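A structural walkthrough
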Amino acid sequence: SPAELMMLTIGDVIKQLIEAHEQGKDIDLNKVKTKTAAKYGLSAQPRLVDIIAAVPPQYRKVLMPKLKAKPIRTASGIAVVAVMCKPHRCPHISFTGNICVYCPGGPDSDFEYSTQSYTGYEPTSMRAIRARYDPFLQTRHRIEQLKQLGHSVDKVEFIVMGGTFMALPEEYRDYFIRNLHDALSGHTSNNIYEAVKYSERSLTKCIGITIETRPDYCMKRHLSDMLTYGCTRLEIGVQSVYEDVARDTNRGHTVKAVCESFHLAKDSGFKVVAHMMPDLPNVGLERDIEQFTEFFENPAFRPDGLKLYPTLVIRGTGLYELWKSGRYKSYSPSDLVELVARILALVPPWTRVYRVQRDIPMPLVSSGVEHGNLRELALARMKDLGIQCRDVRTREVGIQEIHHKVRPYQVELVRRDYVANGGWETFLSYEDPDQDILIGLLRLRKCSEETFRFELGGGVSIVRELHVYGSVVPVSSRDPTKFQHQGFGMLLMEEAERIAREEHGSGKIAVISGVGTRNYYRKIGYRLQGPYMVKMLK
Amino acid sequence: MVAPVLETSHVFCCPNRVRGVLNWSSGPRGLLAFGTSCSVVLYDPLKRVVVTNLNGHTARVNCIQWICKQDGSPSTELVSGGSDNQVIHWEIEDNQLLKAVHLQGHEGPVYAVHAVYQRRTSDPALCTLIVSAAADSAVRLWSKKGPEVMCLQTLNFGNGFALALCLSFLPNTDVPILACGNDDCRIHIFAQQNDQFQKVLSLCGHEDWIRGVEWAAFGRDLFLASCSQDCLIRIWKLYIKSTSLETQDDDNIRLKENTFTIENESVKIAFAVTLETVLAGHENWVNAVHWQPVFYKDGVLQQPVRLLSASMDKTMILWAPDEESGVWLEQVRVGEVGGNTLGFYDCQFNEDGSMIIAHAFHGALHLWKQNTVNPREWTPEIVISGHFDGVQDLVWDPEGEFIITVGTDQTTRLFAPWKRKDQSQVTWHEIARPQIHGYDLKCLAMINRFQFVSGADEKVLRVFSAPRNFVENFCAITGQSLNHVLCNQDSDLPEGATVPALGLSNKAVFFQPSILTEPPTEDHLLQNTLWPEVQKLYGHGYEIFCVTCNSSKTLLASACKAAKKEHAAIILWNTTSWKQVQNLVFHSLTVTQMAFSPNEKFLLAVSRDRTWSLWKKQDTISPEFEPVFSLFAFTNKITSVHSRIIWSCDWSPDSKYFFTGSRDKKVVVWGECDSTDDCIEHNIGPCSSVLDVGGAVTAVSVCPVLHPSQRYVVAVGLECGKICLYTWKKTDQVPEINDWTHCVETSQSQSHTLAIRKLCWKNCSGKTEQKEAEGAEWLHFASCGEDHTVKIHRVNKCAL
Ligand SMILES: CC(=O)SCCNC(=O)CCNC(=O)[C@H](O)C(C)(C)COP(=O)(O)OP(=O)(O)OC[C@H]1O[C@@H](n2cnc3c(N)ncnc32)[C@H](O)[C@@H]1OP(=O)(O)O
Ligand SMILES: C[C@H]1O[C@@H](n2cnc3c(N)ncnc32)[C@H](O)[C@@H]1O
Ligand code: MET
Ligand code: SF4
């Protein structure tokens, strides 16, 4: 039978690998796989996961740096776990009578047992459906998969998806957040504060949480509530900078509300990521370029991250009815690629693009995008036109290392200042100028005159993000072929503490952080106050 | 006769989801103890029945630990800790409660408890030493001399925590010693010289959190077993150092000894600690570790050397040492590897080691027994089971041989009795779990003997029917006849059910044919015991809240959450061809409960808006058509007497009066609803006097038995889980005094701990007159609440 032949082939492969390790010579895996499969008479080849899932323990520890699969999953310095909430209705269904004109799925739809703005056939959607929307099971399952691939899960970040999370009853939000923290740490708590304490003392660090919210649910109350949870990032859907579009699609709010929410969130200390949608109705091929030029040149709009979602028409929505009646037509594919190239050429060097298109399966789409690799096609077109993309994602060491083959040689220090949302922003970085390679970054902001938090009033400057890229280095370990634990963090904080005292004129510095970061900043010399890590500068 | 005799018959519950909540006593005929919600339940595995509940806690129970004697007699004292900042010391006599003492002074929920008896020759009243650890980064010590307690000491760990504790005495002396496992991946040892505890030693080696330590005494040496989340188990060894002489064998390689010195009666004694071994074999976390207790065979004490461990990767391992070499070897590895189900929290031995028990992630209990002749074979056995979250509704078999419950744990369970030839007592066990749903369940109703309707946190009602193997299993276990239970009326029907590939539904498998003569275990219940779905009803705009059915088995009601008038509307269905019949628009808030009069000519509704309404059915012959309903009486703000939300209502057995209970701590009777022939408009109004029960009323029920003396007994439940039986009597005079009489009340161990959500008498309409009964000395009913518990109570007839 093929099964025992497969097993013997696998065992022989690990035997050769461990022998070669013992006498200490390098070995090529593909040739060994083919040769060993030839002997036992097979019609297939071994899979990497199978070879990983049969190593003895000590050898399992020693020889993972050769059998790892999908090296992109931890090429940015963290491990990402995505979880989903319970199905529910969007808050503006009541006082308007209906929801956005293009959103698919939801509690009242033909997509059975699916969350709003999702179909249920997606990877994460099918993971939570079989788990019946339980945060503990989802976290455990995803961490098990990540460990089975062969990655290190020392540092974790959560992403909470679904509809509007902050519109649910308080008890459910308590349940969800405390279960996430307990799943990481291993405790069995009763409320948020107990879970937060135990997670602070944990060994599997929780770097931060990300939540998606609407501009009318981002006020002082909601911001404070999210501050107690441990959240550090926000996702808001702007979709357009034009006031007529925001009311012809039954969005439910206005652009001025979006700007005010941006101002409050940035003064409180969060990070802002914006969803934008090209090819909206009543928006031609010339208003998109102006839209994005204003987006990146007007101080009221400048965000920290972007998500480009070209418009898709899906069955069971108002836009579907518009499309059937012969009143709405999509762009041609060449025009779409050209537009995306032009848009990507405008992104400033301090902005990071996380995703470039949706992930709806192709057969469910009636019109719109049909391919599945828009980003790389756009990059090739940009190379043809002679322009270049200079965002954050396509300039860091891991991406430059796996897509191209380059390494930093002549690292230098760079600083960029600007004005945004009524505040004076600075962006410090360590990067290689000649090859255009990014290593580590830090964001700093001087608090404006309209801050409401008690801890930040009276002359406080706040640090909003500190990050060093590369592959993941486990805590208290060192790897001379990677970039993390080599002192680029205490160099970036010493400079932030000099700007905040000699230029801002402040007398205190505050940091928003997770929990493992709490221990790190305690090591540096900061103390704890409220949900912040503060330090006197006098 | 002068006083009624209320007694409890059966209790169904499961342990909490905490580490160290289960503990098995030592000595012959010991008792198992675990914690459910706010109660400590004592369970007797040999008879497979629950003996009693100890309830004085106001929050979730976290730890339980028996106190071990020296003679080998069964223990009679134990200590518990709660998530209400307090510890409690209990005393037991004759399988009852004798006394309880509260120890207070913590500032967070407690999470670790231990206690021992003290040895001394002053003939004291059994002095006891207690140690506790909580979430306020502190460890506290207590002493209990008789009925008096006092706090000896407190220890502060900065911003750390203590996760495990154990107490014992140093060898060849009477100095207590303490071992504490911390989040620092480091064990701390304390010794009590003079009158206080002082740190002596710190042991390193682990590199993750520690989740259990245990002392053991072997000969003249002391052993310590430690487990962690490193997936590793370590054994240490403490002994008395030499006499500072006779040490001349320097031609050997030995580990460095960790030494300390203590003062005892003006004498210096030196002790040494050294590591013994490091076991391995687990993949996920190790949650608990335990030695084997000593026991007495024919007078002589036997002291085996064995170890037990339970892990998060669905496994248990038993370890024993090897005498040929210096290593330990696995002997038995028990569990079920595979499936999305997670692992175990706790594991326990028996008195002698014949049986082994384990506690699962959801709350299921697993029990294994060893064969007498084959010593490496273990088989599972029958254990208690129940919901792991709040129960919301309850129904009875129309003929009275099983009950069906739903809860916010997204499950539906069925309980039925077991009949065995070679015994007289009857015990009730779970045999069916006909739903594992994706929404929280709220309501249930019964249509036929093997068909029901369920309503959950969604806009859809569902209908479930029973497969074939269920009937065979039911008639086998309950002891009936297969031909007679079918009554030649069910005929051909599907065989089973299975989970669908996508979405939430049930699909007939016309699972596996598995005949059963004994109740199943918690691996056949999870998979092979579902029920097919045969209908699905739409027509509501929001999540369901209430369901009822008439006695003629052809109609059905419904309600949903609402904030306006166009959403709060009752809907009537059919039971032969499910379509909407008519919509009854009234009220502006949610309808909480409805009831059909036994005369099948009325329908009543109570709502959050402090009002109510009565709907009368008009009379037509029209055999092919269906009758209709319309308003017969109502109530506005002024006519309403309840000042707050109405929670329950019920009918009199003769369709004459009806009772309402609300949060206003009052139960009112509205009467003269009879004379349906021709009234001018109505005469409905208050027909009694209000009663101040003492707290919010959340359940009302009336016994379906008529007495010539015209007794109307009402079972009233409260938020605090009390059940009071009153006796209402119509005055028939213009004074309304002497209509409320208190008959009987539940005791402190027979009551619940949180709100009561349902009460239902046994309306055995199939047995209209009790043919085979002891003169019907007793009346049975059942209760459920938000304390994870379902209970069955029995009351004396002639007393009421
Ligand atoms: C605060 C926030 O918003 S999040 C910080 C970013 N989140 C991430 O962890 C992603 C990647 N982060 C990193 O690269 C690092 O964790 C940073 C940014 C915190 C520090 O970057 P580095 O340049 O690696 O720090 P640096 O080399 O100066 O310091 C190394 C020391 O920090 C320790 N350390 C690193 N991360 C942590 C942590 N989460 N908790 C505790 N100690 C930590 C290392 O163990 C090492 O200590 P040691 O070598 O003396 O034993
Ligand atoms: C989750 C995110 O998906 C985007 N989104 C919602 N509907 C559509 C659609 N039909 N096509 C493309 N993107 C869409 C919105 O930007 C929303 O914020
Ligand atoms: C999941 S959609 C994006 C978040 C939110 N519903 C918004 O429209 O802004
Ligand atoms: S708010 Fe977001 S999720 Fe809700 S309907 Fe609009 S686009 Fe969809």
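First, a word on scope: everything that follows refers to the structure included in this document.

Rules behind the numbers
Residues numbered from 1 in each chain as written, not as in the entry; some residues may be left out. Chains lettered and ligands numbered in written order. Part of a larger assembly, values for the part shown. Heavy atoms only, no water. Pairing = 2+ DSSP bridges. Helix = DSSP H or I, 4+ residues; strand = E, 2+ residues; numbered from the N terminus. Axes fitted to C-alpha atoms, helices over the stretch in contact; angles between N-to-C directions. Core = buried A, V, L, I, M, F, W, Y, C linked by side-chain atoms within 4.5 Å. Buried < 20%, exposed > 50% of the residue type's maximum accessible area, 1.4 Å probe, protein only. Contact = heavy atoms within 4.5 Å. Salt bridge = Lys/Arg side-chain N within 4 Å of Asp/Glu carboxyl O. Near = heavy atom within 4 Å. Polar contact = N/O pair within 3.5 Å; in protein donor to acceptor, adjacent residues only side chain to side chain. Areas by Shrake-Rupley, 256 points an atom, 1.4 Å probe, with all protein chains shown as cover. Buried area = accessible area lost by both parts, 1.4 Å probe. Nonpolar A, V, L, I, M, F, W, Y, C, P; charged D, E, K, R; others polar. Parallel < 35°, antiparallel > 145°, perpendicular 65-115°, else oblique. Left-handed = near helix turned anticlockwise from the far one by under 90°. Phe/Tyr/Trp six-rings, centres within 6.5 Å; stacked < 30°, edge-to-face > 60°. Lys NZ or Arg CZ within 6 Å of the ring centre and 35° of its normal.

**Quick notes on the sheet that holds strand β30 (residues 355-360) of chain B**
Residue and element names in this part refer to chain B. Spatially, the four strands line up as an open sheet ordered β29-β30-β31-β32, and their pairing is antiparallel. Of all strands in the sheet, those with a lone pairing partner are β29 (344-349) and β32 (378-380), marking the two edges. For this sheet, the mean inter-axis angle between neighbouring strands, taken without regard to orientation, is 25°. As paired elements, strand β31 (residues 365-370) and β32 share three bridges and run antiparallel to each other. Residue pairing in the sheet places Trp368 in a bridge with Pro380 of β32.

**Focus: the nonpolar core**
Counting residues in hydrophobic clusters, the biggest one holds 89 residues, and the most contacted among them are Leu234(A) and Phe295(A). Those residues in contact with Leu234(A), other than ones at most four positions away along the chain, are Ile211(A), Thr213(A), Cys218(A), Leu223(A), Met226(A), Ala265(A), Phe270(A), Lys271(A), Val272(A) and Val273(A).

**Observations regarding the pattern of salt bridges**
Residue and element names in this part refer to chain A. For the coordinates displayed, the defined rule picks out 56 salt bridges over all chains. A salt bridge links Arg375 to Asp391; the shortest N-O distance between them is 3.9 Å. Residue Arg375 is found in helix α16 (residues 374-385), and its partner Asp391 is found in the loop between α16 and α17 (397-402); the two are separated by 16 residues along the sequence. Across the pair, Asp391 and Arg375 agree in class, each one buried. A salt bridge links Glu465 to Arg443; the nearest nitrogen and oxygen atoms lie 2.9 Å apart. Highlighted residues: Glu465 in strand β13 (residues 460-468) and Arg443 in strand β12 (residues 437-446), separated in sequence by 22 residues. Residue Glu465 is classed as buried on the basis of its relative accessible area of 16%. You can call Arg443 buried: its relative accessible area is 6%. One continuous salt-bridge network, built from bridges that share partners, spans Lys266, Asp267, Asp304, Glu425, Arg443, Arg445, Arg464 and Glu465.

**Let's talk about the environment of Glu290(A)**
Within the secondary structure layout, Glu290(A) lies in helix α13 (residues 287-297). The class for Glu290(A) is partly exposed, based on a relative accessible area of 49%.

**A short note on the site of ligand 2**
All names here are of chain A. The local shell around ligand 2 consists of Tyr102, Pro104, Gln239, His275, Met277, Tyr309, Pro310, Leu312 and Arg358. The side chain of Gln239 places a nitrogen or oxygen atom 3.4 Å from an oxygen atom of ligand 2. At 3.3 Å, a side-chain N or O of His275 approaches an oxygen atom of ligand 2. In the complex, 89% of the free accessible area of ligand 2, which totals 400 Å², lies under the protein chains.

**Focus on the interface of chain A and chain B**
Across the contact, 23 residues belong to chain A and 32 residues belong to chain B. When the two sides are added together, the surface that chain A and chain B hide from each other amounts to roughly 2500 Å², 51% of it contributed by carbon and sulfur. Its largest share of buried area at the contact with chain B, chain A owes to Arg132(A), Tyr198(A) and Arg201(A), together 26% of the area lost on that side. Summed over the shared surface of chain A and chain B, the result is one salt bridge. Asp183(B) serves as the salt-bridge partner of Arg201(A), at 3.1 Å between the closest nitrogen and oxygen. Sort the elements by how many residues they give to the side of chain A that touches chain B and helix α7 (residues 135-149) of chain A lands first, with four residues. The class makeup of the residues in the side of chain A that touches chain B is seven nonpolar, seven polar and nine charged.

**Remarks on the sheet that holds strand β51 (residues 646-651) of chain B**
Residues and elements named next belong to chain B. On the basis of which strands lie adjacent, the open sheet formed by four strands has the order β51-β52-β53-β54 and antiparallel pairing. Edge positions in the sheet fall to β51 and β54 (685-686), since each has one partner strand and no second. Alignment of β51 against strand β52 (residues 658-662), held across five bridges, turns out to be antiparallel. Across the sheet, the residue bridging to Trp651 is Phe658, located in β52.

**Overview of helix α9 (residues 192-200) of chain A**
Of all the nine residues making up α9(A), seven are buried; the element is thus mostly covered by neighbouring parts of the structure. Residues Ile192(A), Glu194(A), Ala195(A), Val196(A), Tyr198(A), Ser199(A) and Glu200(A) constitute the buried set of α9(A). Looking at the buried positions of α9(A), the neighbouring elements they touch are α8 (170-185), α10 (220-229) and α19 (516-524) of chain A together with β10 (110-117) of chain B. For α9(A), the capping residue at the N-terminal end is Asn191(A), with a side-chain oxygen 3.2 Å from the backbone nitrogen of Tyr193(A).

**Considerations on the packing of helix α1 (residues 2-23) of chain A against helix α2 (residues 29-39) of chain A**
Residues and elements named next belong to chain A. At a closest axis distance of 10 Å, the pairing of α1 and α2 adopts a crossing angle of 140°. By the criterion of interaxial angle, the relationship of α1 to α2 is oblique. Crossing handedness for the pair α1 and α2: right-handed. Residues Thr9, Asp12, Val13, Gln16 and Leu17 of α1 pack against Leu29, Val32, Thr36, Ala37 and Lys39 of α2.

**Some details on the packing of aromatic side chains**
Scanning the entire structure with this criterion turns up 34 aromatic pairs over all chains. On the numbers, 6.0 Å between centres and 55° between planes, the contact of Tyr521(A) with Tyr526(A) is tilted. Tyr521(A) sits in the buried class, given a relative accessible area of 5%. Considering the side-chain rings of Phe470(B) and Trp531(B), the 4.9 Å spacing of their centres and the 75° angle between planes classify their relative orientation as edge-to-face. Under the relative-accessibility criterion, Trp531(B) is labelled buried at 3%. Here the basic side chain of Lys616(B) rests over the ring of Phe632(B), its NZ or CZ set 5.9 Å away from the ring centre. The positively charged end of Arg794(B) is found above the aromatic ring belonging to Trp778(B), 4.1 Å away from the centroid.

**Re the side chain of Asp397(B)**
With respect to the element layout, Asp397(B) can be found in the loop between β33 (391-396) and β34 (403-407). Dropping the residues within four chain positions of it, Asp397(B) is found in contact with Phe402(B) and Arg449(B).

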